[PDB]
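Here the structure is laid out as structure tokens; the discussion comes afterwards.
Read-outs: derived from the displayed coordinates by stated rules, not from any lab. Cβ: placed from backbone, ideal geometry, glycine included. Neighbour counts: every protein chain shown.
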2 protein chains.
Amino acid sequence: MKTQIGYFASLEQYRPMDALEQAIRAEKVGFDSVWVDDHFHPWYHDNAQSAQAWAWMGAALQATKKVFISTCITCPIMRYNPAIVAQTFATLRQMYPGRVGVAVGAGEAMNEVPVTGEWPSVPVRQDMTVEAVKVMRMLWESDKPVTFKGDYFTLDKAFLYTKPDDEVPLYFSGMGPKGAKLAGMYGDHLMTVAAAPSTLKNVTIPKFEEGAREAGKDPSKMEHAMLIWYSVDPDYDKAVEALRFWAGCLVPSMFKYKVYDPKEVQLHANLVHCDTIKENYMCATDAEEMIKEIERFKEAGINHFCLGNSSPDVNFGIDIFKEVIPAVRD
Amino acid sequence: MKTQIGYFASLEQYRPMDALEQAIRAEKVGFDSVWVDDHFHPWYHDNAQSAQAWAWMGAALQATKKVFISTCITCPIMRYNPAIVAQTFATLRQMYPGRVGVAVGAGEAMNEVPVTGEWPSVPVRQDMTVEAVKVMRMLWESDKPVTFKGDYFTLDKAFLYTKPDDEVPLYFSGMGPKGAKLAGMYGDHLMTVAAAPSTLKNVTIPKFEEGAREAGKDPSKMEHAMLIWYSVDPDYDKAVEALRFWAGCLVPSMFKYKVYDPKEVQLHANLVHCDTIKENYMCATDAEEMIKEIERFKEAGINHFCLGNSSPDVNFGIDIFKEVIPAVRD
Ligand SMILES: CC(=O)Cc1c2c(=O)[nH]c(=O)nc-2n(C[C@H](O)[C@H](O)[C@H](O)COP(=O)(O)O[C@@H](C)C(=O)N[C@@H](CCC(=O)N[C@@H](CCC(=O)O)C(=O)O)C(=O)O)c2cc(O)ccc12
Ligand SMILES: CC(=O)Cc1c2c(=O)[nH]c(=O)nc-2n(C[C@H](O)[C@H](O)[C@H](O)COP(=O)(O)O[C@@H](C)C(=O)N[C@@H](CCC(=O)N[C@@H](CCC(=O)O)C(=O)O)C(=O)O)c2cc(O)ccc12
Ligand SMILES: [Cl-]
Ligand SMILES: [Cl-]
Ligand SMILES: [Cl-]
Ligand SMILES: [Cl-]
Ligand SMILES: [K+]
Ligand SMILES: [K+]
């Protein structure tokens, strides 16, 4: 599996047009792909945004030339109807052949609760996510209308009239052992986040491959993608503090509990310890340290990086990759 | 009220990239705005598409320079969550200041049923549409999180972190007398379709203005927009037959009954009489006839045209407007 280096352009940390400009610059510097978060409420309250990802993606695909672009990730089970998610990405891939993907996952209360008032348990959301993926695949792959009455979703003589030449690649998010195994069973590739290399090497990747083998798949053709935030600045302290915005992602309960007010998510983010940030995220003072940070995750099994630029000087955070990319391979 | 002439680029009759190219050409020829249908299933089965409109709009706004672009129309009550519709258009308007609008309406079974299995009555859907508009406005206009428990929709400490400089203009569709009055009460402007000038002059516009006055609004600042399909070709018979794809829109029951299979919608479309098509749509052999067709609708009260090009020669159907636009005024 070849190493791909992608850029995560946040619609929570930056205004959407600013994120679009970052994506264009990332492509020029040499990133292979661009990834974007799909949120309704942000992980932090102060100076935050939460732009709609699908509308932004149409603009980004049109503004760029060749990079692959995918969400990271799109929860297809509550505020979004899975058939509509299937239609959206099939449409974009027909418009921009070979440049479009989608990633899915069980959700976060901060996006789903504010607009539905509901929050089911983790096993129920995982179950809903598997059924959503089934719905998406039926629509992407069927040559005739399909009727389906699942436990959560319904299709009634549904057909996708707009399909791409080849199927949209589907990344499935798994953070815990059960989620990772489900990703191997139902996704084309793994997507993960907020894990230290040890967890990846010993739990996440092994469980993902176990799920793939149980389903009769060759895990060797399945990418291991991961969202990791980085901050690079000559002043180490300034670089580490600049990652504060994303500290809440390192609090496991934020992915399970019914917490959806960004002000309270921010309180938790502000309680995260500096060593937790340095252990999970990439804090670097120069290109050499960034290369080594990436290499420790490569050694753990990651081969498609989705790197979220949370650097004090955003443009430098992108530019410095002219030195990083060739050294890590792509 | 000044007359504006817009172009309706269909994602049902054309592939999405083809519709994008038409939009770019329309802007160059002089159209003031571009409108796009928001469907899951198409009005006709043969050679049809149904691309997702929001993703397409991000691409079209990025590819064009100044035209105003809006959906025509987006049903915000079942397959789409109204808070998400509110987020999508607020995001696009923040990215493309002053160039984005949205139109809403009660829906069509062909879009909502295939992905939900449900189809409420007209009065219930109208009621849901009014509550959806309330949800959208609360989110667009509030400076603090809002909590709302309506009959159909829920907001729980919801806040739009990404807002444009000024509010998204909202077109409200009304076809029947009650819908037209609701449009005057709750929309910023009227959107309508499938009506002859007499109906417009005597029922639709009067009811819309009645609704606006009841709500305390000045109807004089509210546009009267309408989607009308046209076909222009030197051979009149060829021009009229080219409108077949859209004949189903002239069958009132298609907006009320639970009919969602495009093959059966097509059967009905194929039973529509030629005089019905000539009376409601614009069939012309040259620029002069197009100008007179537009003038008869202007006289009935329409001042923002959304013209759907269903001409045999699509490019000529756009180009000929270099001669039409200056004569009808914009
Ligand atoms: C920027 C960002 O938010 C990340 C991006 C997301 C986004 O933009 N939008 C969005 O909606 N979601 C995003 N996600 C997260 C994703 O939606 C979803 O939350 C995760 O895929 C969930 O992973 P999972 O299915 O593995 O479930 C988690 C919660 C898990 O841990 N499950 C385990 C079972 C529960 C458990 O952990 N409890 C244990 C105790 C643990 C303890 O002691 O603390 C117990 O029961 O014993 C399990 O085993 O599966 C993502 C996601 C990725 O990957 C990348 C970008 C975004
Ligand atoms: C290309 C296209 O489909 C048009 C575009 C639409 C789109 O792209 N997507 C979409 O989801 N919808 C589109 N619509 C239609 C819109 O969603 C919606 O169907 C209309 O706004 C509904 O109008 P309305 O609220 O006025 O309701 C109609 C059905 C109406 O007639 N209501 C009346 C009451 C019922 C009635 O007619 N029955 C009468 C008997 C009549 C008889 O004898 O036949 C009775 O009860 O006595 C009423 O009074 O309100 C649109 C819409 C527009 O405007 C533009 C583009 C699209
Ligand atoms: Cl910004
Ligand atoms: Cl970021
Ligand atoms: Cl086409
Ligand atoms: Cl058309
Ligand atoms: K393709
Ligand atoms: K604006």
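Take every DSSP beta bridge whose two residues both sit in chain A, then give the antiparallel share in percent to the nearest 5.
10
Using unit Cβ charges (K, R positive; D, E negative) and no other charged atoms, how large, in debye to the nearest 20, is the dipole of the protein assembly as shown about its Cα centre?
Values: 68 positive and 88 negative charges, 156 e Å.
Value, rounded to 20: 740 debye.
Hey, what angle do you get for helix B:82-95 against the long axis of chain B, alpha-carbon based, 0 to 90 degrees rounded to 10?
Here the helix axis deviates by roughly 70 degrees.
Using the Cα centre of region B:1-106 as the reference point, and only Cβ charges (+1 on K/R, -1 on D/E), how large is the resulting charge dipole? Debye, rounded to the nearest 20.
My answer is approximately 420 debye.
Top mean-square fluctuation among B:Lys221, B:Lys134, B:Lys263, Gaussian network model of chain B, C-alpha springs under 10 Å?
Result: B:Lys221 has the largest fluctuation of those listed.
Taking the alpha carbon gyration tensor of region B:149-197, what are the square roots of 5 times its eigenvalues, largest first, to the nearest whole Å?
Numbers: eigenvalues 158, 54, 12 Å².
Equivalent-ellipsoid dimensions as semi-axes: 28, 16, 8 Å.
Select the chain B residue whose beta carbon lies nearest to the rotation axis carrying chain B onto chain A, and write the distance in whole Å.
B:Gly58, 1
Just to be sure I understand: with springs between alpha-carbon atoms less than 10 Å apart, which residue in B:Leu190, B:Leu155, B:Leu250 has the highest mean-square fluctuation in the Gaussian network model of chain B?
With Cα springs under 10 Å in chain B, the top fluctuation among B:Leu190, B:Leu155, B:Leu250 is at B:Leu155.
My understanding is that a pair violates if its Cα-Cα distance is over 27 Å; which of B:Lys163/B:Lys201; B:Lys207/B:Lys263; B:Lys134/B:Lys163 do that in this structure?
Beyond 27 Å: B:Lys163/B:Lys201; B:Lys207/B:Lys263.
Compute the Cα gyration tensor for region A:1-156, then decide on rounded, prolate or oblate, letting a ≥ b ≥ c be the square roots of its eigenvalues: rounded whenever a/c is under 1.5, prolate when a/b is larger than b/c in the other cases, and oblate in all that remain.
In terms of gyration-tensor shape, oblate.
Sorted from shortest, what are the nm distances separating the label point of A:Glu214 from equivalent points in the other copies, each placed 7 Å from Cα along Cα to C-beta?
Copy-to-copy label distances at A:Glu214, shortest first: 5.9 nm.
Count charges around A:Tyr171 for me, please; just the other residues with Cβ under 11 Å from its Cβ, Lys/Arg as +1, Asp/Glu as -1.
It works out to a net charge of -2.
Dipole of the protein assembly as shown (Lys/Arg Cβ +1, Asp/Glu Cβ -1, origin at the Cα centre): which of A:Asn47, B:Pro16, B:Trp140 lies farthest to the positive side?
Selected residue: B:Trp140.
Test of understanding: express the Cα radius of gyration of chain A as a ratio to 2.2 N^0.38 Å, with N the residue count. Present the calculation step by step, with values, prior to reporting the outcome.
On the way: Rg = 18.8 Å, N = 330, 2.2 N^0.38 = 19.9 Å.
Cα Rg divided by the expected 2.2 N^0.38 Å: 0.94.
Would you mind calculating the relative contact order of chain B from Cα pairs under 8 angstrom and at least 6 residues apart, reporting the percent as a whole number?
21
What are the semi-axes of the equivalent ellipsoid for the protein assembly as shown, taken as the square roots of 5 times the Cα gyration tensor eigenvalues, largest first, in whole Å? Walk me through the intermediate numbers first.
Values: eigenvalues 403, 120, 117 Å².
Whole-Å semi-axes of the equivalent ellipsoid: 45, 25, 24.
Which whole-number percentage describes the relative contact order of region A:49-149, with Cα contacts under 8 Å and a sequence gap of 6 or more?
That works out to 31 percent.
Given label points at 7 Å from Cα along Cα→Cβ, what nm distances, shortest first, separate A:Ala196 from the same residue in every other copy?
The projected label point of A:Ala196 is separated from its counterparts by 7.8 nm.
Using a label position 7 Å from Cα in the Cα→Cβ direction, what is the ascending list of nm distances from A:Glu279 to the same site in the other copies?
Here A:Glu279 shows inter-copy label distances of 7.7 nm.
Can you check what the net charge comes to around B:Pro197, using other residues whose Cβ is under 14 Å from the Cβ of B:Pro197 (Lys, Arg +1; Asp, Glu -1)?
Local charge sum for B:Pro197: +1.
A:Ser253 versus B:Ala196, label points 7 Å from Cα toward the beta carbon: distance in nm?
With each label point 7 Å from Cα toward Cβ, the separation is 6.9 nm.
Which of A:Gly184, B:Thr162, B:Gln126 sits closest to the plus end of the dipole of the protein assembly as shown, meaning its Cα is farthest towards the positive end, when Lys and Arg get +1 and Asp and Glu get -1 on the C-beta?
The one lying farthest along the dipole's positive direction is B:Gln126.
Taking all pairs of different Cα atoms in region B:266-330, averaging 1/r and flipping that mean, what Kirkwood radius in angstroms comes out?
On the way: mean 1/r = 0.0764 Å⁻¹.
That comes to 13.1 Å for region B:266-330.
Please enumerate, by chain and number, the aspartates and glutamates with C-alpha under 17 Å from the C-alpha of A:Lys2, excluding those fewer than 8 residues away in the same chain.
By straight Cα distance, A:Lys2 reaches A:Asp32, A:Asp188, A:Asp218, A:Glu223, A:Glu295, A:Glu299, A:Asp330.
Let's see if you can work this out: charge +1 on each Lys and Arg Cβ, -1 on each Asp and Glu Cβ, no other charges. What is the dipole magnitude of chain A about its Cα centre, in debye to the nearest 20? Before the final figure, lay out each step's value.
Numbers: 34 positive and 44 negative charges, 192 e Å.
For this selection, approximately 920 debye.
Provide the net charge surrounding A:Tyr260, with neighbours chosen by a C-beta distance below 10 Å and charges set as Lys +1, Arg +1, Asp -1, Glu -1.
Taking every other residue near A:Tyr260 into account, the sum is -3.
For chain B, what is the calculated [θ] at 222 nm in deg cm²/dmol (nearest 500), taking -39500 (n - 2.57) for each run of four or more DSSP H residues and dividing by its residue count?
Values: 13 runs with 136 residues, N = 330.
When only DSSP H runs of four or more count, the value is -12500 deg cm²/dmol.
Can you give the convex hull volume per residue for the Cα atoms of region A:163-276, as a whole number of Å³?
163
What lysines could a cross-link reach from A:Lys258, if we take a straight Cα to Cα line under 22 Å and drop same-chain neighbours fewer than 8 places away?
A:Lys178, B:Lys144, B:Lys149, B:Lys157
Mind telling me which of B:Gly308, B:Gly150, B:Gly187 comes out most flexible in a GNM of chain B, alpha-carbon contacts under 10 Å?
B:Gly150
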